[PDB]
Structures are given as C-alpha cells and as structure tokens.
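Taking it in order: structure first as structure tokens, then the write-up.
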Amino acid sequence: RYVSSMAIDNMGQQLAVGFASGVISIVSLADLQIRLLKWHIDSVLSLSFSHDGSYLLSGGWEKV
Amino acid sequence: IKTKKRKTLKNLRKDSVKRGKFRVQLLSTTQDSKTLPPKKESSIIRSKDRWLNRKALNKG
Amino acid sequence: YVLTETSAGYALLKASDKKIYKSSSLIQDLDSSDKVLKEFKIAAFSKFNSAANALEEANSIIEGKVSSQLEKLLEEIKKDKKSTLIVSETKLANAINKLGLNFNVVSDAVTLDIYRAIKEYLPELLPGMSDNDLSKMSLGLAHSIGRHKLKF
Amino acid sequence: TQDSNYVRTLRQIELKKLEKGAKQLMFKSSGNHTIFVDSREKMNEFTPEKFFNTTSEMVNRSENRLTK
Amino acid sequence: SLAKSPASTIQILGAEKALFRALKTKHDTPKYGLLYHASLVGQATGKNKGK
Amino acid sequence: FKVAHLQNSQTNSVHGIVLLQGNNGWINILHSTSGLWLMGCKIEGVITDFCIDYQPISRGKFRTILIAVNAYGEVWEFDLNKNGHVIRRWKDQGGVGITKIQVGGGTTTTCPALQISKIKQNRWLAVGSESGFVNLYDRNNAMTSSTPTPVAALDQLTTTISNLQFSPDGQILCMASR
Amino acid sequence: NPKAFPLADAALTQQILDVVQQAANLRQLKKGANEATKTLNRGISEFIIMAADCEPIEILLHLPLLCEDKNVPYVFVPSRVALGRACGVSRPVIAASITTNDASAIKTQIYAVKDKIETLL
Amino acid sequence: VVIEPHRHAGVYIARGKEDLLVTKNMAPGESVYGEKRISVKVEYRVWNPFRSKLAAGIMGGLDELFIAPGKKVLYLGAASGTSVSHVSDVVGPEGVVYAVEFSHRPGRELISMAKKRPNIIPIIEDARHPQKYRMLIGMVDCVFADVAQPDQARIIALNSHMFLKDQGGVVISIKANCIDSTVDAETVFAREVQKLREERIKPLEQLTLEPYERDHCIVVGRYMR
Amino acid sequence: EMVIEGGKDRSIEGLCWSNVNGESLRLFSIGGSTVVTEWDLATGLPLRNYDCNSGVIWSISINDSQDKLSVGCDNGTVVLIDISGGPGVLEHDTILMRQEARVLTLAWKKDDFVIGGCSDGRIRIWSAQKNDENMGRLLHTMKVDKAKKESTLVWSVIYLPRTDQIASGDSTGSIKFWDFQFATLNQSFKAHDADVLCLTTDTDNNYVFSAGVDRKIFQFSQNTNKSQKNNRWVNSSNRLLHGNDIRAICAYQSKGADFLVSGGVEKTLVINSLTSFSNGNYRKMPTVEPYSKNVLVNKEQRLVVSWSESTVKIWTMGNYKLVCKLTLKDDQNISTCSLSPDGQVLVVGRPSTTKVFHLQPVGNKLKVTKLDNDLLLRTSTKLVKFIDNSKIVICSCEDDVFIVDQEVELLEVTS
C-alpha cells in the first residue's frame, strides 16, 4: 500500500500509481476502475506516459 | 487358474461368436439402454485429455 | 360417444365410436383386431363420399396436404353437431378444423393406434366397396395429385 | 489427333463391351451376415438350420438357398 | 438424352457411319451430320458451312 | 512495407506510419520516427497487397484508410485514424489470384502530398491479378455497392501483375510484369 | 442462383480454384461445358467445377445428371469470370473438369479437394 | 436356359449360359430400362445386384425377405423404377407398391413406369411427412427404405408407426457415409440397428453386400407393437 | 439438492438448460458419444437418448429462445435438433453445411446465426436462420494465429450481444475479439500460457472472463465510457485461484447475486464476484459435501462399509482390517446402501435395481451370498433403512414407499 510513483497523461483520463511492492495500477479517472500491471519484482521507482497515453515507461530496482 | 481367469471371464462375458460364414450378435436390453447414456468414445476422450497433457506444456 | 375423421380421396368419413369418448381417447389397446373387434368398435356414422371427379378429388387432396378445413370438413361439422361432441383428427396440423366451432378434438399417441385399426379395416365394413376399387380410386387420386404437383 | 481418335474409339468399344458384359454375369456375394437372437443359448447353439435347412448343399453358398 | 450430349455430337448427329468409318481408319471425319439441312447452314457457302 | 501519413485526430498533429505486411492476415502499423507499434489490422485469408487511401474531412483534418486484399479477391478497408477498425468489406468481381492493389487520382504513397491541405481523395482503384487481368474500379461511385463492378477489366498482358502505378494526375495507369 | 446445389464457401472455393490453377499449368483440365461432359462420358474426370453465374443455368445443370450416374464429385463456385481466370484463358469459363492422372504432381491436392467436395456431396 | 425358383416366389435364378438372377414380368412384352429379357413362352426381366439395392441383399442371402408375392409394400427411396419394377414383378398383380419420393426430377420416370404398371402407385411427397399422404393409403405389409438421408431411423419409424401393420417386415438399406464418414461401417451399422430397435423394430439380420456396394448394409426387422 | 449419477465408462462433456417461460426446466447433456441425453429432473434418469444422426458429439449449445439445439460433432457437422415439441420429444431439424475438421465449440448469435470453433484453428459462422436463401451454409470463416510448433485448436467461442463481437479462446492462449459483421478481428490479446478452455461474459458485456489449463482466470474489461464508445477491451486483471485446471466457467448476475463459478481438473468449485472479480473475495468449496453418503458403520463387529462407483468395501476396527469387498461388475452404477443391525445382510441399491447379500464372518474374511428376490431386482430404490433385522422400508425413485420382508399411503402435495 505504500506508493512510490505516480504519473498522469496529457488528458487526465488515466493515472499510474506505482507501489513499493512492485505493481503498477492504471486507474481511469472518470470512473476509478483500476488495471494492474505486474512485472517489477522490486519497488517501482519511475513512471511516465507517452504523449498519446498508450505507452507507459516504467523503471525500478532491476536495471530494466 | 491364475493365468486364465481374465480369459474365462471375457470368454463367458462377451457375445457375438462366429458360426462359419455368419456371426450371431446379441441384442442388448431396454434395462441398460434406458437407465444410462451410452459410454464415451475413448478415442475422442483420450484425444482431448492427451492434448491437454501434451509434452509442450510442461506439467508437474 | 365420439367421431373420427378418416379420408380415402375426396370421400371423407366421420366414423363414430362404439364406446365413450374417454374410452376412445384413453385405452385403445382392446381392439387388437383380426376382424371382429374392429367390426364391433366401428360405426359408419357419416360418409361424405364424393366421386372420381378430379376437381373434388384434388381439392380435398390439397386440403389434406394442407390444413383440413375444407367444405367436406364443414359438412362433417354440420352432420356431427349434436352436443359439441369429441372428435379424433388424423393430423395435428389440422388444428383449425379440429377446434374451430363446438368440437372437442383430440389427436395424440393413441389416436394413431385407432387410426391404424380403422385404416386396416376401411374396406371390409365402412363402404360398400371392394379392395381393387379402393386401390383404383387411390391410384386415380395419386396420379391426379402427382401430375398436379409435378407439372406434366 | 486422328490416331488419338482411333485409339479413343477402340477404348470406348472395349469400355462398352466391359460394362454390358459385366451387367450379364453374376458374382458370388461376400458379406458379413449377422443374425440377432435371444438371451444366450440361441447364440451358444448352431443356429439350427434357421435358413440353411441342409448343412451339405444349401448352407454355405448364399446365392440361392432353399426350403424343401 | 439429346440434351445431355455435347455440342460436337449434335453437330455430327446424323452422320454416324461416315464418322465411325473415318475414325476406325484414320481419316477425316464429317462435319455436317443431320444439322446440314438447317436454314443457316443453307445460307453459308464454302468451308464456313462447316464453321 | 508502405509509408503513409496519419493524423492524431485530437490534435492536428500528423506523423508518418510504416505499414508492414505480415504472415497471417496481419498489417502491423508502426511509427516512422519512434518505431512504436501503433495498431494492427488482420484480414482473413492470405494477405497479398495493400494500399493507402486518404480522404479529407474539414480544414486541416484528413482520414487514413488501409485497403488490404486477400489472395482470393475480397478487400477490407480499415479506418486507422481511429483504432484500426473495418469500415467496408467488399469483393473483387472476378479475380482469383490477386497480387497487387493500387489507388490513384489523388495522393497515393507514390504521389505524396507536400502540404496537408493538398491531400486528395483517390478516384481510381486497380486490382491486378495473377493472370494479368486488372480490374479497374471508379471510387467516385464504387464506395457504396459492396459488390462493386469494375469500370473495365484490362487483359492486355498475360502474365502476373507485379507493378501497377498511377500517374500523379491519375490519367495513366501503368501495368507491368516481371 | 437457387438451383445450383452444392455451392462452395470462400475457403473451399479458394482452394478449388488453386487446384484448378495448378491443373491448368499441368495441362490436366478440360475447360468448357462440352469438354467437361466429354470427360464425363469417357470416365476420365476427377471432379467437375461449375459456375453459378451463367444467366441460363440450365445450360449447366445437365452434367450433374450424369455426374450422379458415374458418382463423380461436382461442385459450384460463384463466378464464371473467376473460374476463367483460374483456368487461365481470357474468356469466362462455365464448367471445368479436372482430368485423371496417376503420375501427377498435384495428385494429393486433387484428392484433398475432391474429398472436401464429397463431404458436402 | 433352365429357370429355377428362389426362396421367394417371383424371384428366380435363370441358370444355363449365365447363371443369373431374374424376376417375372407384369409389363407384357417390354423391358423398362434395358435390362435383359429371358423367355423360357414366358417373359422374365434380369435383376442386377449393382444397378439395384434389394437384389444385392437377395444375392447376399435374405431368408425372410418380407417382400413376397402375397403382400403390398411401401418403397420410400426408389426415385425411379429401377427397383420398384422388380418389386412389382415379385409382388405380382395381387398387391400394390407405394413408391414415395421427394425429388421430382426422376419422379417423372417414376410416374412414367407407374403408367405402365398398375401395381405401382407413386407418391411425390417427402417421406418425413407421412401425414401429407395419410389420405392416400394405409396399413402396408412391409416397408422398404432406400433413403440416403441422415434421419433414416426416424423417417422409417414415422412411416412404420403410421402405415405398417403389426408383425410386418422392415427392410432398410443404410449407407454409412450419409450418416458418419471416417468411422467404420461396423460401428455405424451397430449404431443404426440399436437406433432402430429403440423403436418397435426387432432386428433380425444385417448384411453388408460388399461385392456390390462399398460400406452399405441391409437390415431386416419385424415390427413389434 | 439432487445428484444424477452415471455408471461405468460414462462421462459428461457439455450440458445445457432449457426453460421456455411457463414450462418445466429441461436438462440436456452430451457424453463422449453419438447421442444427446435429456434427463427428467424428478427420477434422476434419462428420459430421452436422442442419437444425433452424425458422429461423436464434441459440443452442445442451446438457441436463444431455446427452441433449437446445436450439437457439433467429430466429423465436422453441426446438427440442429428441434427442441420445442414439448419436454422429452426431440426431432432432427437440419444438418448444416459440412466441413473437414471437428467443431469443438458452439455458440448462437440469436435465433439467426451459429458460430463454431473447430480443431483446425478456424472459426466458422453458419446461418441457422430458417426461411432465408442461405440457410445452413457457412457464411464466414476466420483463422486464428497458429502455433509455430503444434496444431492450433479453437476451444471456446462466445457471442457478445451488447457489442457485436465473438470472443474466442484457442490453444495458444490467445484471446481474440471479432467483429461479427465484416467477420474480422478487432483485437487479439496474448493472455494465457497454454490453452483457453472456457470463457464467459456478464449480462451487459462489460467483462469477459476466461480460463484454461494454465489455471489462471483472466478478466477483460470494457466498462469505461471511452471503452464503450471506442469498442476497446483492455486486459484488466488476472487471478490464480485454482490448483490444476479450469475446464468450466459460467456467470450469473441478478439483483442479489453476481458471481462467476469455475471448476476444473482439481475437483473443487470456486465462486468469485462478477463486477468485483479482482477486488472482492472468493470461496473454494469443499471437494465433497456429502449430502448423499457413501460410508456407514455398524457398532456390532466394529465394522464400516463404504461404496465408491460400483464396488463396496468393508473393514473392521481392532488397528483395522479389510474383511470383505464386493466389486459387483454385473452392476454399472451404484447408489445408496444399508446394513442390517447385527451386521447380517447388506442391501445395495441404485435407481434401476437393488440387490441383497447375506454375510457370514468366517474369521479373517467374510462369505457373501446373494439372496434372490425379484421384487427387489425389479424395483427402483433411493433409500433403504431397515425397520427390523428383516423389514426394510424402500423409497422408490417414482415416489413409492414399500415395506418389504408393503405400501404406505402417502398424501399429495399442492403443485
């Protein structure tokens, strides 16, 4: 439940909450429905969206 | 008696023996044909479960 | 206490039963007839028996191949109207003339057995006709309806 | 093309001779005949001349068995 | 039985003895048959009445 | 591959797409500067060729359509300025081994528009086949029929059509066989 | 046309016309209705392809009547134009008979397509 | 040159230069379909086990063929006179065959041979609706089936429950491919005789008629009730 | 509530309900055979074994408005069965246009079209709309992305009525959504690691749940207004709840009930919430809840009998020792059983017959002998409960209550 990153796209439709457990969650801001993205096996340290908002860059403790 | 018990069991259970050019089949019973659905075709059931336990998905 | 509608051409036959309507539409297993049981249970009530006229024959043939509300069935509804009696139709798709006006109709799963009986012994007691005459009128109707449907 | 026509009509002659020669022969049947019976003793027994009626002449060729 | 025959047969349909002698020795087959007496073939003149 | 223009349709920002013809029925569309996979369009059959049509909408907005042909002759048109979704699916009249589709008369990928207001709708569409037959459709009326008939089927060269290109004015088509 | 029984769908008609194209390259088909009926008479046809696109279809539906006598498979495809393209001529082709062979390179493809045909009879 | 009789009168074996099977005539003088005619003063038409299907069952040996010269028979699948001609020959002028078919393309020659023989009466309606020819005839003594449709057991079950008297005969010819291909004839024929004894048809015999037809059988049964 | 047992070498692969409004529930089921089997829910027996007229049935589906029934068979056929004739009576309707490969899953669009995924990696679309020109012929064919090193089978196909799509899971693990008109793919997800055996949806098609042999349940969502106006499913969530497989999944959603139910090779059932799948909780049922028992003991001789499928076994306490067993193979299916107090006679009983066996303890073994009674051999038994050492009471499957070794008056219930 600790959150170490967050990001928003250029429309404010979606929002990326990256947690210290490793997961990311895209919430859809109009209705607060979430989507979980689990790859990071350690804490999520950085998130960004692309300009159209359809790609999410993430980076963490793995150097990937 | 140990090496032919399944032989005498199957040779007394099974039907439709030969008579020269002919073959004398038993007709079945309305008892079984109305108490149960017929048996599965083991060919297709083996095909489906052998597919779901193919080697390419590493089960364990 | 019931009638049954049986056809052989344009000649329709509303034959009444020698038992009750419930007895007709309830048991049907007591005939098993050689000839005498069907002869006793049979009663030639009405015979709207037309002739070898191709118009009347093919008209009742089309009404037999379709729903059975023909003028001969209206004649049967005229000649059986006593107390809105019970009728045994042959085909279940003749539901209109089965229950159109004051006739409790029933055709299900033993009506076929009693039609097997009365169709087995149509010629022996119902008309004053013979076996070669029934086969000749049947083949005349058959060739008429065949050349009607199959064009020439 | 005309000697191909010659060989083709010779082939069609033999084709028609073949079909309307084999139409007027009779071939010995070979079919798996099967008979359905009651409980087990009718199957255990010999099918006792149920359609052979001689076990010497009119049993084992079926193009015409007989009933004397 | 005439309808299920090819158009070449309908061409040579009358000339069977000339056809089959000209096939059973390797000669040239006829081209007219029973259809020679049609009015169109009457209007044609030369080798184009075979055509 | 083919290179084309695409509009964002919430900004008036265009960017180039490359379009790759893949194995199953797939066209993989991806960005021409970043290489990011944008979308993919799958047709049903053996994908053989595809072309890009554009149509203007308003001042400064146009729409990109991918036109992809089965080997058998059935053609999909995908609107891809939105998500790559089918808007039309029709069938080439005749034509059984289909090698090459092309549009022309407006801005193709080979007559490209230098300025966004100079983007034109293509008039002609030629579907050239393995027998050398080239059906020619006139898209000023053959966008509505869904079994449209060609304005002519050319048959002059007899082996497999491997190039067919429209002149930039859209008055000559060039059939060519390798 | 209603009276053109079995008509092929798109996948079956695509592989039918593919085997027609490779039989045309191997010179193993007789294109045209009269040549198809000649192969039907002589019994050297593997299967018959017809086109449900001719404006009298009764110029076709007579070779079904002697296909069902020699139990040779027959099938309909929707386009005479496309059948002519597949047969590799410049004209529309109404019917085409793939002739028989036993040393043929495309024998397996012919057999596969004719089994897919006689499934729908 | 010597005609011997068969197990069923109206069926004979003309022995001699060609020991081949044969029936009588009810057509005086002529053949119908170019079958060979043998005279021995008396006219005879050769049956073919390949051209027809019941002749193959006779040649394979059908003991109680309920088609017999003192009956009337219902033929659900001829499409043309090539078998019901011989069935009218064997049933003679005492009885009647009801040749009932659906596809009216060879129904033309069906009605054409029914013109010549009064034994044969045709019905040109599909055999899954017997109620459409309720009003034509009933109570047959033996049904014959030659339909190559998938619902053979249901079609002849409906026809035998409407038109077959008790303890009569049922002869059904079963093609294996019209039900299920890719599986062998033994399983599909066992499946169909069980499907037919689900109704009141006690199966008597089946045979496979292998030199005449690929993957066929003829099943006879008696209609219980 | 009830259990309907089948016997030796019987399985069941698909089953569908049918409830025309105003008439009784009807339950059809295919096994691994050529028949469909319709069961009457009262007795717990088949009331109809309709042999479908083509090949071995691989899948079954029920029409929307439930008057027709699709069975998709091993020889590539799709057979329509007319259901609306009343409960029990089933007619053949139409064999749809054939194909080569076996059709492994079916669905209906409406009363009109029927979609079928086959074992050649393709998805056919037939029209079952009667009185059209193209009735029965297959209108479309679609092909999924094949596996590189093995054959691909499309295992699950559903229709999504709120949009106009077909969702399909195949044996690569990929899940594809296809526009029905234009018959073509909208988007493909590479979700599972192995086959997707079963997938389902909710009422308004805001979610599609899917599961297979890699034992995760994936959820694909379209609930956002932008998702609904753009027709764009997202791969929303993913849960690992099952132990071995998931072979069946279904969903129910009402005013006081919204759960998806799933089960697989591990024998237990799992309930999750539909609109709260990833967030909410779940319940893994016990693998057996013995509402019908298979074990009972007798206090004399300290012994216990227990019956699995078509065999009974008896052991005593001491440790413990297996004293006798009865693998009666004249039987095919078992049901309930009871022993006499004093441990003399066992009676086993199934819905077709029952049989009574005298027992004599001969030491470290028993001797068991059949005692013949043809009334017992003819009667259907559900429960036998032993009034005395000789008298038992029998509840028949057709609601009869006998007293043997005769008839209890039993009043009727308001229907």
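Read the figures in this text as sums done on the coordinates, not as results from a lab. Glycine also receives a Cβ, built like all others from the backbone with ideal geometry; neighbour counts cover every protein chain displayed.
Using the Cβ-Cβ distance between B:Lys21 and C:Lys81 with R0 set to 51 Å, the FRET efficiency works out to roughly 0.20. For the peptides H:68-76, I:183-191, A:20-28, residues were scored by their other Cβ atoms within 10 Å and the scores averaged per peptide; the highest-first order is H:68-76, I:183-191, A:20-28.
With a cut-off of 20 Å on the backbone N, the residues of the range I:17-44 near the modelled label site 7 Å out from I:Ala257 along Cα-Cβ are I:17-28, I:41-42.
Taking 28 Å as the straight-line reach from the Cα of I:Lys255, the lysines in range (excluding those fewer than 8 positions away in the same chain) are I:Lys109, I:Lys110, I:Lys216, I:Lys226, I:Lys229, I:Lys284. For H:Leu204, nonlocal amide neighbours, meaning residues 5 or more places apart or on other chains whose placed amide H falls under 5 Å from its own, are H:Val220, H:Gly221, H:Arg222. Distance between the pseudo-spin-label points of I:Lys370 and A:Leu29 (7 Å out from Cα toward the beta carbon): 8.0 nm.
Sequentially through the range I:281-291, phi angles give Karplus couplings (6.51, -1.76, 1.60; θ = phi - 60°) of 9, 8, 9, 8, 5, x, 5, 9, 10, x, 5 Hz, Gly and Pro residues having no value and appearing as x. Distance from the Cα centroid of the range C:71-134 to that of the range D:4-68 is 48 Å (rounded to whole angstrom).
Scalar couplings 3J(HN,Hα) for the range H:178-191, obtained by applying the Karplus form with A = 6.51, B = -1.76, C = 1.60 to θ = phi - 60°, are 6, 9, 8, 7, 6, 10, 7, 5, 5, 5, 6, 7, 5, 5 Hz; x denotes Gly and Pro. Once C-alpha pairs closer than 8 Å and six or more residues apart are averaged by separation and normalised to the residue number of chain F, the relative contact order reads 15 percent. Neighbour counts of other Cβ atoms within 10 Å put H:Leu65, I:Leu27 in the fewest-to-most order I:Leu27, H:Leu65. Here chain D is assigned +1 on the Cβ of each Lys and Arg and -1 on the Cβ of each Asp and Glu. Its dipole about the Cα centre then comes out at about 340 debye.
Taken over chain I, the ratio of Cα radius of gyration to 2.2 N^0.38 Å equals 1.18. Got a sec? Charge dipole of chain F, +1 on Cβ for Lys and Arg, -1 for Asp and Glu; which of F:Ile17, F:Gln171, F:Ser58 is way out at the positive end? Checked the options; the winner is F:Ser58.
What percent do you get for the relative contact order of chain G when only Cα pairs under 8 Å and 6+ apart count?
37
Rounded to the nearest 20 debye, the dipole size of the protein assembly as shown about its Cα centre is 3260 debye, using +1 on the Cβ of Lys and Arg and -1 on the Cβ of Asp and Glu. How many angstrom lie between the Cα centre of the range E:19-51 and the Cα centre of the range H:1-78? After rounding, the separation between the Cα centres reads 46 Å.
Spatially close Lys pairs in chain G, defined by Cα atoms under 19 Å apart and a spacing of eight or more places or different chains, total 10. About its Cα centre, chain G has a charge dipole of approximately 380 debye under the convention of +1 per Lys or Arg Cβ and -1 per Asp or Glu Cβ, with nothing else charged. Starting from the Cα gyration tensor of the protein assembly as shown, take the square roots of the eigenvalues, sort them a ≥ b ≥ c, and report rounded, prolate or oblate (rounded when a/c is under 1.5, otherwise prolate if a/b is larger than b/c, else oblate). Because a/c hits 1.5 or more and a/b fails to exceed b/c, the protein assembly as shown counts as oblate. Counting beta carbons within 10 Å around each of G:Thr100, B:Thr29, I:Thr141, H:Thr208 and listing the fewest first gives the order B:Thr29, G:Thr100, I:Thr141, H:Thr208.
Between the beta carbons of I:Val288 and C:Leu99, assuming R0 = 51 Å, the FRET efficiency works out to 0.45 to the nearest 0.05. Once you order the gyration tensor axes a ≥ b ≥ c over the Cα atoms, which shape class does chain G get: rounded for a/c under 1.5, otherwise prolate or oblate by comparing a/b with b/c? Since a/c stays below 1.5, the shape of chain G is classed as rounded.
Placing dummy labels 7 Å off each Cα toward the beta-carbon, the span from F:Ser32 to I:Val362 is 9.4 nm. Under 5 Å from the amide H of A:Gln33 lie the amide H atoms of A:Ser28, each residue being 5 or more positions distant or on a separate chain, with H modelled from the backbone and absent for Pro and chain starts.
Bridgeable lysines around B:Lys55 (alpha carbons under 16 Å apart, same-chain partners fewer than 8 residues away excluded): I:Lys148, I:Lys149.
Take the Cα of I:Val20, step 7 Å toward its Cβ, do the same at C:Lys18, and the gap between the two points is 3.9 nm.
The HN-Hα couplings worked out from phi for the range I:242-252 by the Karplus form 6.51 cos²θ - 1.76 cosθ + 1.60 (θ = phi - 60°) are 8, x, 10, 9, 9, 9, 9, 9, 8, 9, 10 Hz, whole numbers, x standing for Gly and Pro.
Think of the protein assembly as shown as a dipole: +1 on every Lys or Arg Cβ, -1 on every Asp or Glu Cβ, centred on the Cα centre; then among G:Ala96, A:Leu57, I:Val71, G:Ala96 lies furthest on the positive end. What separates the Cα centres of the range C:1-66 and the range H:168-221 is a distance of 36 Å. Close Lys pairs in chain D (alpha-carbon distance under 29 Å; sequence gap of 8 or more, or different chains): 9.
Note on F:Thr158, I:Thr34: ascending count of other Cβ atoms within 10 Å places them as F:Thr158, I:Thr34, the fewest first.
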